[PDB]
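**Q** these chains are from a complex, not moved at all, and more is on the way:
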Amino acid sequence: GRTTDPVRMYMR
């Protein structure tokens, strides 16, 4: 998904 950050994965 072109990202590995879990804070962005949460806020999305």
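**A** Sure, I can see it. Residues are numbered from 1 along each chain as shown, chains lettered A, B, ... in the order given.
**Q** just the element for the most centrally placed residue in chain A, please.
**A** Nearest to the geometric centre of chain A sits residue A:9, at 2.4 Å (C-alpha atoms, centre = their mean). Following DSSP states H and E, the helix or strand that holds residue A:9 is helix A:6-11.
**Q** chain center to that helix: distance?
**A** Distance of helix A:6-11 from the chain centroid (C-alpha atoms, centre = their mean, to the nearest Å) equals 4 Å.
**Q** hmm, back to that, thought the residue nearest to the centre of chain A was touching residue A:3?
**A** Yes: the criterion here is C-beta atoms under 8 Å, and residue A:9 meets it with residue A:3 at 6.8 Å. For the C-beta atoms, the positions are set from N, CA and C on the backbone; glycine is no exception.
**Q** in contact with the residue nearest to the centre of chain A, which residues are there?
**A** Listed by C-beta atoms under 8 Å, 6 or more residues apart in numbering, the contact partners of residue A:9 are A:1, A:3.
**Q** do that again at 7 Å, thanks
**A** residue A:3 (C-beta atoms under 7 Å, 6 or more residues apart in numbering).
**Q** export stretch A:1-9 to PDB, keeping only CA atoms.
**A** Output of stretch A:1-9 as PDB, limited to C-alpha atoms (Å, rounded to 0.1, in the frame of the first residue of the first chain):
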ATOM      1  CA  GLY A   1       0.000   0.000   0.000                       C
ATOM      2  CA  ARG A   2       3.100   2.200  -0.400                       C
ATOM      3  CA  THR A   3       3.400   2.800   3.300                       C
ATOM      4  CA  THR A   4       4.600   0.900   6.400                       C
ATOM      5  CA  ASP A   5       3.900   3.400   9.100                       C
ATOM      6  CA  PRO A   6       1.400   2.100  11.600                       C
ATOM      7  CA  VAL A   7       0.200   5.500  12.800                       C
ATOM      8  CA  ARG A   8      -0.900   6.400   9.300                       C
ATOM      9  CA  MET A   9      -2.300   2.900   8.900                       C
END
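**Q** same structure, new chain, call it chain B:
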Amino acid sequence: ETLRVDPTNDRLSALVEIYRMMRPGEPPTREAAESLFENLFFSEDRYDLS
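**A** Below is chain B, added to the chains above:
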């Protein structure tokens, strides 16, 4: 000839593509992109050429 490899056609598509570059992994909205681009080089509190 540079103009002919762009996938962009107007201001909104360009802002969306810059946003996709700087912060991958979420779709932007009409205000998030404009604010992010207005923060980079054009705000005196996040930029200062001495």
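**Q** take the contacts of residue A:9 again, chain B included.
**A** residue A:3 (C-beta atoms under 7 Å, 6 or more residues apart in numbering or on different chains).
**Q** how many residues are close by residue B:19?
**A** Neighbour count of residue B:19, defined by other C-beta atoms under 10 Å in any protein chain shown: 20.
**Q** who are the packing partners of the helix or strand harbouring residue B:17?
**A** If you go by DSSP H and E, residue B:17 is part of helix B:11-22. Helix B:11-22 is packed against helix B:32-40, with contacts defined by 3 or more C-beta pairs under 7 Å, 6 or more residues apart in numbering or on different chains; DSSP states H and E.
**Q** between the helix it packs on and helix B:11-22, how big is the angle?
**A** 70 degrees (axes from the mean of the first three to the mean of the last three C-alpha atoms, to 10 degrees).
**Q** residues contacting helix B:32-40, please?
**A** Outside of helix B:32-40, the residues within contact range by C-beta under 7 Å, 6+ apart are B:15-16, B:18-19, B:22, B:46.
**Q** now, the most widely separated pair of those?
**A** B:16 and B:46 (21.1 Å; C-beta to C-beta).
**Q** which bits of chain A sit near chain B?
**A** Residues of chain A found near chain B (C-beta under 7 Å from any C-beta of the partner chain) are A:1-3, A:8, A:12.
**Q** save those residues as CSV, and put in neighbour count too.
**A** Below are the residues of chain A next to chain B laid out as CSV (neighbours: other C-beta atoms under 10 Å in any protein chain shown):
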residue, neighbour count
A:1, 9
A:2, 8
A:3, 12
A:8, 14
A:12, 11
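**Q** out of those, which is nearest to residue B:7?
**A** residue A:2 (16.6 Å).
**Q** quick check: that closest one touching residue B:25?
**A** Yes: Residue A:2 lies in contact with residue B:25 (C-beta atoms under 7 Å); the separation is 5.2 Å.
**Q** show me which of the contacts of helix B:32-40 are buried.
**A** B:15-16, B:18-19 (16 or more other C-beta atoms under 10 Å in any protein chain shown).
**Q** now the sequence for chain C, which goes on the structure above:
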Amino acid sequence: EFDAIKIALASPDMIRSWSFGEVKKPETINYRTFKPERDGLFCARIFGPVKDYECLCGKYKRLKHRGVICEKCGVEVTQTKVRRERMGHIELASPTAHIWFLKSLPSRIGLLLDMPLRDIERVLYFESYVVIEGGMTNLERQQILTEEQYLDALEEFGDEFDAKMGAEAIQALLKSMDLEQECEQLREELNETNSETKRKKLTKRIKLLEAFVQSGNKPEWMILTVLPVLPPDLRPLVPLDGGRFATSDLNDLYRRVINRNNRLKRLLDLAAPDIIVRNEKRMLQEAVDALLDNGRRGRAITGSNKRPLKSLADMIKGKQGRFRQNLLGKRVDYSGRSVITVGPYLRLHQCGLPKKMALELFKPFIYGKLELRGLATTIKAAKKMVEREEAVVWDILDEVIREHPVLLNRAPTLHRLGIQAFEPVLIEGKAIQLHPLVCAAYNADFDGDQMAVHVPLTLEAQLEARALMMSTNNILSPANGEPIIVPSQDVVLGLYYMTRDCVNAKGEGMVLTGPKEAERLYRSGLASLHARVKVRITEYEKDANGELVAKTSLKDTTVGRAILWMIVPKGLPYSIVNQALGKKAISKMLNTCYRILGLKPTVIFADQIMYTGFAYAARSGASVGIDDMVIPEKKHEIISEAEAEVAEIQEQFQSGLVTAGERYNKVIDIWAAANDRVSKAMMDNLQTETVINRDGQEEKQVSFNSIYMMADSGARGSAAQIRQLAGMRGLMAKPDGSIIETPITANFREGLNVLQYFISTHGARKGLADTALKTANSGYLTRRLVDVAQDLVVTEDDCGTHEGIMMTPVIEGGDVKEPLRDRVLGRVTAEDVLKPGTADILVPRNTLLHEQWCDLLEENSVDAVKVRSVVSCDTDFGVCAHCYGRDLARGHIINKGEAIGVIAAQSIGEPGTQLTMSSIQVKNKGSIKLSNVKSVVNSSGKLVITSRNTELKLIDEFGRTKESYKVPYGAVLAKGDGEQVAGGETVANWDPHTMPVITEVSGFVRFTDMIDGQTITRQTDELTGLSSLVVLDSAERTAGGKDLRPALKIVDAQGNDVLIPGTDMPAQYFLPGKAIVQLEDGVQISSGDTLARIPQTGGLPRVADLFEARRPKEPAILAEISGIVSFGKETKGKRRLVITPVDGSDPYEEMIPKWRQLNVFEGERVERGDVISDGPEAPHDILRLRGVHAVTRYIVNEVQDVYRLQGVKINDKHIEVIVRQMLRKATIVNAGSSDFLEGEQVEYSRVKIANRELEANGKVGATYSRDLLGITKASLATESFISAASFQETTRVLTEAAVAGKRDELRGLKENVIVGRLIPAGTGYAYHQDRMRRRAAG
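**A** Time to bring in chain C:
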């Protein structure tokens, strides 16, 4: 004891059986009474007691009860050392993925399941589903979904299918698959799709599945459900002075895991929404990944001081990990260091040691000796006696150090003469005293250097320090066999001043009775040292069977040489001292003394030379003044006569007669010439300018100028530096590399300008900066060489081959650069060579070619010998003593058990800091010889040849080749073969910007093979009127025209193609674009006429590229097999070329770009290996087409090309050792009942000793090919994982060894160094051998 080391994956039950209980909370210690909290990370019930034989509460003590477990606090009563051995564990609430087996490329999970890394890294972040079971539906196993498609499948199919998300899905996939069935179905379904691109990956996946099946592992253990916990004393929490604490980082990393696992165990009980439980599982995964390998899968977690935390993987790998910092080199007891200074009164086996250093280093010896003499009652009174420094302590110390050697060492240790053993002499003061003759092996001097001192303790270490390392066994070098103890700076000046002569010296003419009278006359003041006299002298020789015979004479000599002759031992000729000696003559003296007499006379003679040199240098009185630097009186005019020329060459530029580039490039050389004139005037005014008169009048002799005397004798200096002292300095370069126009016309005796000084600082800093940044490259190269060569040891006495390599001198590049004597001295003959007649046997055909055999070879003239080599030895796991030859530091055949790999690596690496980082004429008269030739007569009465690769040699009086060239193709040989021509005569003439290509036979030329509209123009030279159909460039190309590449051909009186004698050949060749052809149509020519023409880094980098086996970026193209060449199907990506055997199949044809000018025309017949183009050759091609000896010879010659250009001498078997280590792998071509696969890469020795047993009882073996790997790719591909893991890239090595299930047998040197055992080399070789015998017993 143990014999091997294993490695594998760990199941959950294995991790639970290492542990003593589960850690449940992040509590470390109590904040008021710093005691370990229960169930925390430092718990004393799990990990053991914090004091010796005490429980935590205090109920039990005092070692009466040693196995009891306290009932209050649970701590058992035992010794606290066990807090370094016991482990704990953590039970995870959801499985997580091990980061090594997921993100170390190639991933093992993605390789085992055949899934991309993107799909797995999307299922692992709860971001997509994955189908595990298909049921009976359209969906199938490992299909990827999204939430909406999952809902559709739910409401459409229902219960039948199965889809999951996260590491539980991946564990279910890894757990459900069947390995044997899958690998066997990859077997029979590869032969159809055995295309290369699929071949590589299919065989890789096959061998991975087979490794998992045979090793015993299970594929699902790559997903973690239990975690281990390191013992507390390896991650301590420790108080400092002041109440402050200090801690490790693993504590910080374990607490996060524990209290993110506890929160998930809470949320799974509150029955929270799934959007929150997913966020917990993601955070738990990220925390475990940062505990194992911190910066690998994202951003690195940092601490409260903004630095990344260190992890379990950073403590093993790198320059500061366990391997290189604590296991391959340590800190030691019984050692010291201090400043060094010179003592000139010492013998060669002696060093001066201060009294205080020796009292500290030798304390237990002194305690024991004191309480043996009854001088002290107990050891604690001996301590106070020593501490008070009584008088008997200094008498016990003198008999303790008597016959106790001491090892001295100076860093950096570039070779083995950096550590040597001496015998100590107690001194007062604080600096160490070193003998003046060993400062050259150490590279030491007395501007402030420091040295380290080590004390051997046991009997065996003392025996080895006396027999192997003592400084009086180390007189020869192990790289070349030369002496290492040569006298350097004032020995040389004193011996040179005492053996010079002078005209009209006081006491000239006398006749004396012997050396004693000459000495008695010099001491008395009656004669001079430089006086010409006649002395009676007795000298000895030995031609008898070990006996000396004497003879006396009267000789004409000086006083000083007669005085020096009292030092020389019995058995050497007088002609060695009758010269004016310098550094070279003294080295010759020492070497002939070593060859005739031996070791001990040599070590006495060296000391005597040193003493007398120092004494007479002192008596001479040599000094330096300002008037000793003499500037020639005609420099001031050479300078003006160059300045006038540069002015009159500027004014031919101001008026537009010359360009700027040529103006600059002319001023450059009209200054260089004037510099050379000044330097030669200076050197001639200084060298013999002494007019000393004699009995009647004046004459000339060599100068007694101080600077000239120390430059000419070889003590200090050169001509290039007196040039700057007394001449002019010269031309200076910019930091770019460009040369400034105006030179420095001044010298140091006169003084520079501000501007000349400023422009001279550039080169100074450039050199100073290159040195420091080159030392690192040199050290890194040495380390890679040592790692590839470390396990090679002389194992056997004779393998019994007949193979070898052909040694000849090297004569290229000019005169003979290397004689044949310097290349066979010490080697062993491979066959029974014969002096140039027939049956001139000198050999039992195993003959160590010592000096007498080399003299016998040189009194005859033979120029090729077949010798033995290590790259052709038949012994596996080692070399034999006969293929290696002579021990270059002992002078005899090598001993069995010697570590030749470390010596080879050190000898090649040590000098690496000095590396920099139109017509043929004939000199002397001799025969002319040609080879690789095919000839034809010319129209003008000369010789021409139609060979491209011929060789032209010059033959001496006896038939030894003295010079060898090769001619360009098409050149016309001025004179024929078999001629005895004198010097100064040209033999061939070629054009400097052109080469012609000639016809075959006299025939009639026709313009054919080309039309108008082709790549041909009708371009005629309008001024002179000469034109053929000229071939064009691609800028004037007509693509429809190049249907046939133009060429004008030769025909008969039949109008058709001419006969060529011997074969039904097409007589004419088609030439590539832009050819210059102006030959008339209708004007015919003879055989050999001008039909067409041809218009037209060293140092450490090159050595590193040769040993690493790089591929050049313009590699030449060679003939794969032998056959008739032609152009192929012409698919116009770029050109196509084919060859065709006269009998065999020809499916081989391939691509050549048109930029690559071909030198082989469609009528050529080529053999295997010859070039189809020009360019630097590639070593893999040289190994494939030609054999092993060709690539060996190429590598050793290209390496020695760099060392000889600087004056460095290295023997040639030291490079052959490395070349042998780069050739250890083979690749299988056809298995044939051999248990090997069909393109697997195997060790060469395994294939060899398998085929030797299959072929034994009548079976068909395997067929293979050899491989060439670089040094760092062959270090990593060895068959022991501990050596490879400790060299480089520890992560890849350990993951691959873990999934493969390897083991290690501890056969090299580094494996035994790591675990602290006796190495298999040297005095430890016998021990291991005996152990190996018990391996056959059991």
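**Q** same question on the contacts of residue A:9, but with chain C included?
**A** Listed by C-beta under 7 Å, 6+ apart, the contact partners of residue A:9 are A:3, C:125, C:282.
**Q** at 8 Å instead, please
**A** Contact analysis of residue A:9 by C-beta atoms under 8 Å, 6 or more residues apart in numbering or on different chains lists A:1, A:3, B:25, C:125, C:127, C:282.
**Q** so which pair among those residues is furthest apart in space?
**A** Greatest spatial distance among those (C-beta to C-beta): B:25 and C:282, at 14.0 Å.
**Q** ok, the two, which is more surrounded?
**A** Set residue B:25 next to residue C:282 and count neighbours by other C-beta under 10 Å: residue C:282 wins out with 19 against 13.
**Q** isn't that one up against residue C:125?
**A** Yes: with contact defined as C-beta under 8 Å, residue C:282 counts as touching residue C:125 (6.3 Å).
**Q** overlap in contacts, these two.
**A** The contact sets of residue C:282 and residue C:125 overlap at A:6, A:9 (C-beta under 8 Å, 6+ apart).
**Q** so what's residue C:1192 up against?
**A** C:805, C:869, C:871, C:1216, C:1219.
**Q** with distance to residue C:1308, secondary structure and neighbour count added, can I get these in a markdown table?
**A** Formatted as a markdown table, the contacts of residue C:1192 follow (distance: C-beta to C-beta, whole Å; DSSP: H, G, I helix; E, B strand; the rest coil; neighbours: other C-beta atoms under 10 Å in any protein chain shown):
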| residue | distance to residue C:1308 | secondary structure | neighbour count |
| --- | --- | --- | --- |
| C:805 | 27 | strand | 20 |
| C:869 | 23 | coil | 26 |
| C:871 | 20 | coil | 25 |
| C:1216 | 20 | helix | 22 |
| C:1219 | 19 | helix | 21 |
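**Q** around chain A, pick out the residues from chain C.
**A** C:121-122, C:125, C:127, C:279, C:282-283, C:286, C:297-298 (C-beta under 8 Å from any C-beta of the partner chain).
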